[PDB]
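Two forms of a single protein chain come next, each set out by itself as structure tokens; they are called structure 1 and structure 2.
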Structure 1
């Protein structure tokens, strides 16, 4: 007649080799017994042998309630009208749940083409024996840009959230890992995948935190889809592309139940309400025996945070996805407690100055002669800024850590130098009792130029490297005697030891690097201040000296953890996600959160250097 329609009764796990004309159509009738409980996923797999350029095979999979139709050799899209041609196509068949416990279910495969030559294909329908994922058990597979895959997970009895971790041992097939509910169809194509769910482009690691209140089915599909071009991960006639494949590994493990939150917050209070206990008991017994930054920052952040929450495109906020414990609508709630050190110490510092000035004033009322002529003259208008600034660093970082990003970046660390600036100002306002804000603004502007060029050319880096060493020998002679020539020994080597470290690494983060120059230069001056006392008639009581060794150590651990993550921020969040790590402390905090703890203790303990350093000069 017009055409030829052949109706074979097909079988699972067998390979059929056949031929189709422009005048022949093949229909295969597969059938499987589905069970309500032990769902198994069917998976079709076709492969056209030595196809010419004439006309594709057209494959239709007809279930009871869905039609899925593709054409082999599949042709996929590049950026600039580039085409890729895959000879081998695979697809898992979505199928909805059943009201009966077990029932027989049919589906048909229809193979046809409109080319006048006998095309030979290779059809094999095989059942998946590893569909449903199990909690805490690794699993490996393969996928290409023509053969997307997806697996099922269903939450156990009494697990309210999991974290789907997917890893790969190599870089450049670029996968997308979407997470979708269990209602057919499954959006596992390059165009479909971004439609719904909450995805994550991966290169070596992806981690998605899932909570079963969003899934009334108590289950979800994990969908892995490779991409034709690697531009979104930092890479560089149809072009056959079947030679490019990706091996992966998926592990689903339960998240922290509820105690890591309670035992995490009872750790911040336990070591900062400890200082309040300590100083009060130390002071009591012994004695008688800015807004211009608050406004623009926050309202951008609230706008930016909800975007992912309402879109599920997790390439926006540069969290540490392996340790990011959500609470409410906050996706990294453990990076916000970490900023309790500033809010609880920058305030405690102010209380110290209050009573210090209040205790002082009574001496004038007592008509003390010392208060008028003995000791360095009082100036507590700068201490009230250091105490104020610290409290404002734990508020512009708690707002940065709601979506860390290239845009949001300057908010925290730029204000950090201000704190370091006041320490530099106070020492110079001490010895020479008779401005720098431009330099802090310049540094921010330089970091802004270092923000417009953070991944800037290495030519820019050596420009900064050269300029820094010029400013190294410039400020060297500003404060310049055997002891004086001792200064330039370390004052120039340490800066060399840092600028050189820049070229060896070229951290994509810049402002955070300048912070390293900040302390590493400043911390030297403290010694330069102390060596003045030791090599003169000046002395040190045990109260200030004790606050010198301790704070010189907490600046050691802090600068260690501040270095544990320094390159853990790159372009293309897919690359920046390769560096995430599990939670070190209490399984709630990681390296960075330790830095927010140690920095606030390093700084507060260096304020109480200045406060009591020149307190032996009273008499």
Structure 2
């Protein structure tokens, strides 16, 4: 019959042995565990012979679960590709023990059916750093045939943590998943998307884990390295189309550093809420003291957020995963809260103009400004709902109405619904989507600027300088193209808005009309505020042009009060900038 050989081998020892169609090798391993200190066990095997027909079959048997594979392991690409790996390392799943100290046995068996010998080296390692300590960085190497996973044990008094994993070289692609502590652990390429919360990453990833979702007060962080970098956004290699010939990928590896850090406590929310309310209520107090002296987008966003919450797939929404603090079912509560200033400040504009109008009516004994105020209020709803799940499908509304508001300003400089609709449809056309665009957009910009100047000695030279600087900005955008058209469009919009604001001031200076102190302070304050507003807008925390794995590279931590990142500062300063721009028009 078949010859079976047995050995009671030990940890930390590479055994080199031969196997053919006749030999079956059994290795028994004893392992010591305790309830307080749990440590993982890793099986690592190499094959030093090249066989394409009959591989070696390895099985690892435990008390509860069994695992099995074949080496040289063959993984699958995209177009019926076959990648060959010779080294495979896997970490066994050990269910939590009941008794204080129980000795666990596990067996490793080797077999094959090839008619010729084959040499393999096998080693079992007692993985020392199985448990992840809070606030400590651990670096490890993973390839496509060597998935890894570490157990993190929620400390006493921690509500939730964040797992941050970073890498230096962007490629190869990888998947980082969080799973509950229950055998078995899905660390293979095909079942890694079954349960848990997973993110595909190339350089950086961050996953927020809560204790309410894990009753056992622990979880597993599983890292897997893909074979083809198409998911991360790379360019697939143009290897010959071999249907039944496996091609080796050479040396592909990923070095990753993982750190689990406690998240913000409840104070961060209270300080962030009090700070936001304190800033905007100060304008209400100041105005009282002075007086004394989209639906379909909402449905899509809600559906996508529910899909993210229930599926565990975190590749749908483009959050700022490094600084995004959840509350309830909302995954990034600070991003929603940052738009509260739109509501309060737009409503303050309605108060101030209502006071002005009633004063004028009493003395005697405005619709466009109301439209701008209502647009500002609508920002606080539409942009807030967008940030519940940012994506390329529903991105236009985040900045579109903003351009629309600018139009109203321009209209009050020219002195309605038709021009607003034209602006909305042009924004939709432009954001539907590219060197041909890079050229046609510049041509259309030049033509539109010339026509706008024509419709409007000092004036002709002034418009010539405006067109010259506009063409300079167009060439700037065309040459390097460091950012998307979405940022560029808002940039040219605000620059042209301040540009026309300055032209009106210059026309006033050429006349004998003297600007009062209040409008002068208003224009200066609005301009300086818009400065930092554009500064923070040009950061680009998350970009939706590329794959989400790439979009994760530009995440940055919380900057203000440990609650708000740069985009929230953009919201905060954009609200003030529009308030000042409107007050410039009102008091002009």
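So that the term is clear: the rigid core is the largest set of C-alpha atoms that superpose within 1.5 Å between two forms. Positions refer to the first chain, counted from 1.
S.K.: Which residue moves between the two structures, judged by a Cα shift of 2 Å or more on the rigid core: 422, 344, 443, 93?
M.R.: Among the listed residues, the outlier is 443.
S.K.: Any chance the CA of residue 568 moves 2 angstroms or more between the two structures, core superposed?
M.R.: Yes; residue 568 is a residue whose C-alpha shifts (by 2 Å or more) between the two structures when the cores are overlaid.
S.K.: So, does residue 474 move by 2 Å or more at the CA between the two structures, with the core held fixed?
M.R.: True for residue 474: a C-alpha shift of 2 Å or more.
S.K.: Taking the rigid core as the reference frame, is the Cα of residue 511 displaced by 2 Å or more between the two structures?
M.R.: Comparing forms between the two structures, the residue 511 CA shifts at least 2 Å.
S.K.: Give me the C-alpha shift of residue 52 between the two structures, core superposed, in Å.
M.R.: Residue shift at the C-alpha: 2.4 Å.
S.K.: Superposing on the core, what C-alpha displacement does residue 81 show between the two structures, in angstrom?
M.R.: A shift of 0.6 Å.
S.K.: If the core is used for the superposition, what shift in Å does the C-alpha of residue 489 show between the two structures?
M.R.: Looking at the C-alpha of residue 489 between the two structures, the offset is 5.5 Å.
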